[PDB]
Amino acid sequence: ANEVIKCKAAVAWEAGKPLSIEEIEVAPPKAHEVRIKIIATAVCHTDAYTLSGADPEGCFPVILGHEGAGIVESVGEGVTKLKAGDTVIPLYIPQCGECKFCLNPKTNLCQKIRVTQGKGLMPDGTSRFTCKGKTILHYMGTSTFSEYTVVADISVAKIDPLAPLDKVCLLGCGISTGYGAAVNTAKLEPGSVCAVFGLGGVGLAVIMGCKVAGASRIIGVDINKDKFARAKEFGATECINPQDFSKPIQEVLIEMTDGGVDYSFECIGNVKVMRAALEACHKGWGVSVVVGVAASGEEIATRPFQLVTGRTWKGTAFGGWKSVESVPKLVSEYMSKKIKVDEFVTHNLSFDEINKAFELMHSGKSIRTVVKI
């Protein structure tokens, strides 16, 4: 029988405060739920955004984390596709395969459990986390900052049992998104001229995707020149710092590409840079893809003339990958050396030092920090 598990977890008691390593209780999985033992997890800007209290959708107390990889500890009633021991990756974008969205080839945004997930609850409307007598909320349907988490069965990707979990946990978000933005959303053709704004883990994954697709030019853009070396290693043909120019970055890109790039990607979350990314696109056929998540309230803008004269403005969520069916394949692409993963890991920490990952992220000195549970 599946019992209540007593384990450690990094709890976010309140907005604006660091995470606290607490002893918590994890209820057994109910019908169509899966309990997972998290082996490794990474931290992303989104976890920090929610933690800051700036996220109008954020609620506390809560167990954050959405970039993890683990092993199935037990499954609830009705679950047959998964079993104890399976190697998996929690998914914040599920795939029920039955809804209006899963049935449509043009999207990956399953809506089956979005309502409850937004409230930090399981599909049945309750939470499996408790701590010191209080209910602790789930986050993005994953809550990877715990030794053991419980997710909806449609929020799980079964992967290659040989994949090193302290590496593939990154496919839970950043890598997959940037890579998918290039090959799924933009679908850039061989020989394309591209520009990538923001050279963090996401931008690097975009560059990686542009190289896989055979781009002829990949121009990285970042105000932090320390990001350049790794950008080139990933495939950037050149990097520029908007701070070195006196004219708008879009004019610079237009100037160095004889009209503008074929595809641009904003991987920062700056509405002003998003406009520049669109305007840096070549007249007639340029396509700009928004990947960054802007603070709530912020709006993007430009003159309709930009679209009338040929440019297209797109966006992407988790690289457009239908999660459950795609993630296993991304793991296989990693195992076969088609895509990189290890190269995104810049720092490693133990669970007790989880807050240092947030510090490294804000010091701007890391791409991705993997936390060993």
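A residue's number is simply how far along the shown sequence it sits, counting from 1.
- The mean C-alpha temperature factor is higher for 330 to 338 when 64 to 72 and 330 to 338 are set side by side.
- In this entry, the higher average B-factor at the C-alpha atoms falls on 132 to 140, of the pair 284 to 292 and 132 to 140.
- When the Cα B-factors of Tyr92, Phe197, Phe245, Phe145 are read from the PDB record, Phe245 comes out highest.
- Of the candidates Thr185, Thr87, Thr177, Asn241, it is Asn241 whose Cα B-factor is highest according to the PDB record.
- Compared with the other modelled residues of the chain, the Cα B-factor recorded for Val26 ranks in the middle third.
- Sort the chain's modelled residues by C-alpha temperature factor and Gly53 lands in the middle third, per the entry.
- Among the modelled residues of its chain, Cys59 has a C-alpha B-factor that falls in the highest third, as given in the PDB entry.
- Residue-level temperature factors show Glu77 in the highest third of its chain, judged at the C-alpha atom.
- Ranked by Cα temperature factor within the chain, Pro105 sits in the middle third according to the deposited record.
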